[PDB]
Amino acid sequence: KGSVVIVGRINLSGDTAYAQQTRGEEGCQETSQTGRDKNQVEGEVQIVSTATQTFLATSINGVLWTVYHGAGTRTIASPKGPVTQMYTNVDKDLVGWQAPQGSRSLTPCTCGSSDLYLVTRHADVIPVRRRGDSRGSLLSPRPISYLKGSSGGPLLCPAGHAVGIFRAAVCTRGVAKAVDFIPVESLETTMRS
């Protein structure tokens, strides 16, 4: 098994969020095996991939978090070679690596707001009403293709702070009505499992 590769990024700093590709199919193949990635890293959300899957990863408090169902126990490619996981929990579906040099960490939310915004891999930032610790209902139901590939992405408060990590979607006939996420308070309190 190879390393997880940063193949793009979601820029959240301007008036309009945008996704940008940094690596194609050809570039991602040898980067995965060597674990060496010389590409300059920028932003809060990275678009990441393995050999069979594409998903997101979010830098919060100097840690780049993602889902175990995407990254497995894999390292991530960096300029100084493959980077091992700081956090690994299969039961929570969570992994984390030291945030890459040049990345911009989101700050954890203490607002207690129920007005959330989910960031997708297509840079859509959509409202989610918080319905519990790890649940949120979408204000507008979406087809599965709209959310697929966006696990490991963040849930933000109206002030742009990180509230959680997108894990799973509540679905009915190819349509998502709610989301399941790992709350920010459950990140650095994670035990190895």
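From 1 onward, residues are counted along the sequence shown.
As listed in the deposited structure, the average C-alpha B-factor of 145 to 153 and of 27 to 35 is greater for 27 to 35. Averaged over Cα atoms, the B-factor as recorded in the entry is higher for 36 to 44 than for the other of 66 to 74 and 36 to 44.
Residue set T120, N89, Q101, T107: peak C-alpha B-factor at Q101 (per PDB entry). Per the PDB record, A51 has a higher Cα B-factor than any other of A168, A51, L56, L138. Per the deposited record, the Cα B-factor of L116 falls in the middle third when ranked against the other modelled residues of its chain.
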